[PDB]
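S.K.: Residue numbering for the sequence shown is 2 to 17, 26 to 63, 78 to 133, 168 to 252, 255 to 507, as defined by the authors' numbering. If you scroll down you'll find the structure; I have some questions about it.
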Amino acid sequence: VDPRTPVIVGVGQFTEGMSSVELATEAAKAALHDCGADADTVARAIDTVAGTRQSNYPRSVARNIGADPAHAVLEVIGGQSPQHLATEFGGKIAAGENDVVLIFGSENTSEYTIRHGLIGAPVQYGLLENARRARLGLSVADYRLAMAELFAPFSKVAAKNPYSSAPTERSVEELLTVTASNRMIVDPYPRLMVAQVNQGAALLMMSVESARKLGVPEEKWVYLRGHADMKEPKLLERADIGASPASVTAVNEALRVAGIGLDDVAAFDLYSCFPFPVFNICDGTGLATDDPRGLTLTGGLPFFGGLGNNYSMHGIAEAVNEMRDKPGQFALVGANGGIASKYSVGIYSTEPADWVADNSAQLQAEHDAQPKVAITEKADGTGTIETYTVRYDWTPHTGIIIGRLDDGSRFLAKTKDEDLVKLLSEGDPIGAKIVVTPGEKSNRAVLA
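The following block contains the structure:
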């Protein structure tokens with residue numbers, strides 16, 4: 002190795026009401042202890058703290088652990104951020120920038170798409186998920202089975218994870234069967250498949268030179284062997300609403316950087332608030348959904364607990380532990396990412412190497428050069444349903460549609476028409492003809 006090469010040396014998790030500072034503090038204290046050196050000496054050596062977004080929250084965490092770092096960072100929103108952050112400080116440790124960095128996050132118990174209803178995460182993921190159902194040509198009930206078969210192995214791992222907050226294990230049948238208890242929320246998801256905790260996570264990272272200076276046992280060092288960060292264009296510009304090629308590209312580029320192939324990976328933690336971003340990696344990569352290696356280390360999002368923002372740092376922590384236990388093997392972490400907007404991948408191993416710079420910037424500019432699908436904001440005429448969702452938590456039930464015209468440009472529409480909503484809830488709408496009427500609040504729709 003080169004002395005500037007970055008290693009993860011300490012990881013920390015905590016579950017418990027404590028403040029969000031207090032929770033990140035508890036996890037940070039465990040990261041400092043995990044490294045096997047004197048915590049206080051390590052704390053004095055920290056030059057940067059970075060926190061994920063939930078006052079100076081990163082400096083309060085620092086004061087609490089005995090650190091006085093020159094830089095404090097408050098990162099941008101999104102589930103990609105823990106892994107984006109680890110990659111960014113890896114790179115800066117590799118150059119002449121930083122030497123000891125602490126990353127942490129926590130959570131407490133306490168445009169033209171906006172005006173159409175796309176405000177929360179679930180309704181928007183519904184559209185992507187129904188778009189993937191279109192491309193695969195699966196029926197509604199068939200797809201619902203696929204989702205339950207993907208997620209049941211998740212909740213099993215989740216139930217044996219002590220860091221999981223109040224988890225019950227669920228069978229495939231239990232997830233797929235609509236009851237008064239497991240009722241339809243947003244199409245196509247039943248309640249048990251989408252669902255508040257106290258938890259903190261921290262990562263301690265260093266140059267190999269700082270690890271020796273500070274007295275950190277070598278059996279604790281883990282390398283970030285591969286990495287990539289990718290980004291999609293806004294939802295209605297995407298070539299296929301049912302896929303995210305940027306996520307797959309990130310995975311493949313991170314694989315290249317490590318010098319390995321998909322078969323060489325021993326363990327996966329794939330980000331899973333909804334089935335889609337998991338499915339999507341599987342579709343573009345060849346990885347089977349029932350792969351014996353497993354697709355989660357943590358148990359995943361519905362089941363593990365949490366809002367979604369700081370989830371992947373628990374992933375990274377589990378990856379790092381699992382890799383110390385199986386020295387020489389490789390672990391992939393995937394972090395999502397808005398409305399499948401962002402994806403960040405890290406591959407971890409005890410096997411040493413020099414930091415390899417990734418090709419994300421040039422891969423991003425290639426994907427940015429792809430043609431964008433055209434949008435008609437004020438659509439007036441006859442169109443085809445490309446994808447849809449329904450809000451079952453509203454009365455009357457409310458449909459959101461992305462459509463196509465004859466022109467081939469996309470639009471959005473909202474609908475409470477009793478006739479149309481019956482087709483979206485109880486049948487198979489893809490491709491059905493509808494008539495859309497413009498309006499500056501929402502475009503409305505009805506059958507043809």
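Positions of the beta carbon are idealized from the N, C-alpha and C atoms, including for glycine.
Between the segment 239–247 and the segment 446–455, do at least 3 Cβ pairs fall closer than 8 Å?
M.R.: Contact between the segment 239–247 and the segment 446–455 is present, because at least three Cβ pairs lie under 8 Å.
S.K.: Out of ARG297, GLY11, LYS473, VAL495, state which residue places its alpha-carbon closest to the alpha-carbon of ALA399.
M.R.: Along the sequence shown, one-based indexing puts residue 399 at 340. Nearest of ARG297, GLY11, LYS473, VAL495 to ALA399, Cα basis: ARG297.
S.K.: Let me check understanding here. Comparing Cα to Cα, which of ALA223, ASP342, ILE375 lies closest to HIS286?
M.R.: On the sequence shown, residue 286 is found 227 positions in, with the first residue counted as 1. Nearest C-alpha to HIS286: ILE375.
S.K.: Per DSSP, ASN395 forms a beta bridge with which residues?
M.R.: If you number the sequence shown from 1, residue 395 lands on position 336. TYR402.
S.K.: Roughly how many angstroms lie between the CA atoms of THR50 and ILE340, to the nearest whole one?
M.R.: The residue labelled residue 50 in the question sits at position 41 within the sequence shown. The residue labelled residue 340 in the question sits at position 281 within the sequence shown. In a straight line, the C-alpha of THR50 is about 42 Å away from that of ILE340.
S.K.: Determine which residues share a DSSP beta bridge with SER129 and list them.
M.R.: Position 106 of the sequence shown, counted from the first residue, corresponds to residue 129. Partner(s): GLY259.
S.K.: My guess is that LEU354 and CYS332 are in contact by the Cβ rule of under 8 Å, so how many angstroms apart are they, rounded?
M.R.: One-based indexing of the sequence shown puts residue 354 at position 295. One-based indexing of the sequence shown puts residue 332 at position 273. Wrong, their Cβ atoms sit about 14 Å apart, outside the cutoff.
S.K.: DSSP three-state label for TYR200, please.
M.R.: Here residue 200 refers to the residue found at position 143 of the sequence shown. If DSSP states are grouped into helix, strand and coil, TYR200 belongs with the helices.
S.K.: Is it buried or exposed for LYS279, if we count other Cβ within 10 angstroms and need 16 for buried?
M.R.: Locating residue 279 in the sequence shown gives position 220, counting from the first residue. When all chains shown are included, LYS279 counts as buried.
S.K.: What are the boundary residues of the beta strand (DSSP E) that includes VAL235?
M.R.: Your numbering for residue 235 matches position 178 in the sequence shown. Run containing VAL235: none; DSSP gives neither H nor E here.
S.K.: Count the C-beta pairs between the segment 291–306 and the segment 78–88 that are closer than 8 Å, then say yes if the count reaches three, no if not.
M.R.: At 8 Å Cβ cutoff, the stretches do not touch.
S.K.: Which residue marks the beginning of the beta strand (DSSP E) containing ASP43, and which one marks its end?
M.R.: Translated into positions along the sequence shown, residue 43 becomes position 34. Run containing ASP43: none in the beta strand (DSSP E); it sits in the alpha helix (DSSP H), 29–43.
S.K.: Which residues in the same chain have their Cβ closer than 7 Å to the Cβ of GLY320, if we skip the five residues on either side of it in sequence?
M.R.: For the purposes of this step, residue 320 is taken as the residue at position 261 of the sequence shown. Counting only Cβ-Cβ distances below 7 Å, and skipping sequence neighbours, we find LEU314.
S.K.: Does the segment 470–485 come within contact of the segment 423–430, defined as at least 3 CB pairs closer than 8 Å?
M.R.: Taking 8 Å as the limit for Cβ pairs, the verdict is that the segment 423–430 does not touch the segment 470–485.
S.K.: Taking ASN380 as the reference, which of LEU263, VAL251, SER29 has the closest Cα?
M.R.: As a first step, residue 380 must be located in the sequence shown, where it is residue number 321. When only C-alpha atoms are compared, the closest one is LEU263.
S.K.: What does DSSP give as the partner residue(s) for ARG503 in the beta ladder?
M.R.: Start at 1 with the first residue of the sequence shown, and residue 503 comes out as number 444. Paired residues: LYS473, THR496.
S.K.: With distances taken from CA atoms, which of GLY194, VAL415, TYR370 is nearest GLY102?
M.R.: One-based indexing of the sequence shown puts residue 102 at position 79. The option with the nearest alpha carbon to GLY102 is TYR370.
S.K.: One question on the structure: do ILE9 and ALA59 come within less than 7 Å of each other, judged by their Cβ atoms?
M.R.: Indexing the sequence shown from 1 puts residue 9 at position 8. Indexing the sequence shown from 1 puts residue 59 at position 50. Against a cut-off of 7 Å, the Cβ pair of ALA59 and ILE9 comes out as no contact.
S.K.: Kindly list the residues whose CB is nearer than 6 Å to the CB of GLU410, restricted to its own chain and excluding five residues on each side of it in sequence; keep chain order.
M.R.: The residue you call residue 410 lines up with position 351 of the sequence shown. Around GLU410: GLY387.
S.K.: Hey, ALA378 and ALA394: beta-carbon distance below 7 Å or not?
M.R.: Counting from one through the sequence shown, the residue named residue 378 turns up at place 319. Counting from one through the sequence shown, the residue named residue 394 turns up at place 335. Contact: no.
S.K.: Please report the Cβ distance between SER266 and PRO92, rounded to the nearest whole angstrom; I am assuming they are in contact, meaning their Cβ atoms lie under 8 Å.
M.R.: Counting from 1 along the sequence shown, the entry for residue 266 is found at position 207. Counting from 1 along the sequence shown, the entry for residue 92 is found at position 69. No, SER266 and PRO92 are not in contact; Cβ-Cβ is about 15 Å, not under 8 Å.
S.K.: DSSP on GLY89, reduced to helix/strand/coil?
M.R.: In the sequence shown, counting from the first residue as 1, residue 89 sits at position 66. If DSSP states are grouped into helix, strand and coil, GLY89 belongs with coil.
S.K.: Give the straight-line distance between the Cα atoms of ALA54 and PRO276, rounded to the nearest whole angstrom.
M.R.: On the sequence shown, residue 54 is found 45 positions in, with the first residue counted as 1. On the sequence shown, residue 276 is found 217 positions in, with the first residue counted as 1. Distance between the alpha carbons of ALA54 and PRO276: 17 Å.
S.K.: To the nearest angstrom, report how far apart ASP439 and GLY458 are at their CA atoms.
M.R.: Walking along the sequence shown from the start, residue 439 turns up at place 380. Walking along the sequence shown from the start, residue 458 turns up at place 399. Cα to Cα, the separation comes out at about 18 Å.
S.K.: Leaving out the 5 sequence neighbours to the left and right, which residues in its chain are closer than 6 Å to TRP414 when beta-carbon positions are compared?
M.R.: Numbered from 1 along the sequence shown, position 355 holds the residue referred to as residue 414. Result list for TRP414: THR6, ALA117, in chain order.
S.K.: Between which two residues does the beta strand (DSSP E) harbouring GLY13 extend?
M.R.: Against the sequence shown, residue 13 aligns to sequence position 12. Unbroken beta strand (DSSP E) run through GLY13: 7–16.
S.K.: Assign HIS94 to one of three DSSP states: helix, strand, or coil.
M.R.: On the sequence shown, residue 94 is found 71 positions in, with the first residue counted as 1. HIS94 falls in the strand class under three-state DSSP.
S.K.: Buried or exposed for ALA223, please, with buried defined as at least 16 other CB atoms from any protein chain shown within 10 angstroms of its CB.
M.R.: As a first step, residue 223 is located in the sequence shown; it is residue number 166 there, counting from the start. Exposed.
S.K.: Going by CA-CA distance only, name the one from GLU120, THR496, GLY364 that's closest to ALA252.
M.R.: The residue you call residue 252 lines up with position 195 of the sequence shown. Taking only the C-alpha atoms, the option nearest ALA252 is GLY364.
S.K.: DSSP three-state label for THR441, please.
M.R.: Numbered from its first residue, the sequence shown carries residue 441 at position 382. In this structure, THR441 counts as strand in the three-state DSSP scheme.
S.K.: Whose C-beta lies closer than 7 Å to the C-beta of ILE489 among residues of the same chain, with five residues either side of it excluded?
M.R.: If you number the sequence shown from 1, residue 489 lands on position 430. Answer for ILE489: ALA191, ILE444, listed in chain order.
S.K.: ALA261 and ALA90 - do their beta-carbons sit closer together than 7 Å?
M.R.: Taking the sequence shown and counting its residues from 1, the one referred to as residue 90 is at position 67. Taking the sequence shown and counting its residues from 1, the one referred to as residue 261 is at position 202. Cβ distance not < 7 Å, so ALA90 and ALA261 don't count as in contact.
S.K.: Going along the chain, which unbroken runs of the beta strand (DSSP E) with 3 or more residues stay wholly within the segment 306–369?
M.R.: For the segment 306–369, whole beta strand (DSSP E) runs of length 3 or above, ordered along the chain, are 324–329.
S.K.: Based on DSSP bridge pairs, tell me the residues matched to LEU283.
M.R.: The residue labelled residue 283 in the question sits at position 224 within the sequence shown. The partner list for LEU283 (beta bridge, DSSP) reads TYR407.
S.K.: Is it the case that the Cβ atoms of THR132 and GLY26 are separated by a distance below 7 Å?
M.R.: Your numbering for residue 132 matches position 109 in the sequence shown. Your numbering for residue 26 matches position 17 in the sequence shown. Taking 7 Å as the Cβ cut-off, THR132 and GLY26 qualify as a contacting pair.
S.K.: Provide the residue span of the alpha helix (DSSP H) that contains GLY462, from first to last.
M.R.: If you number the sequence shown from 1, residue 462 lands on position 403. Unbroken run through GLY462 is the beta strand (DSSP E), 457–463; no alpha helix (DSSP H).
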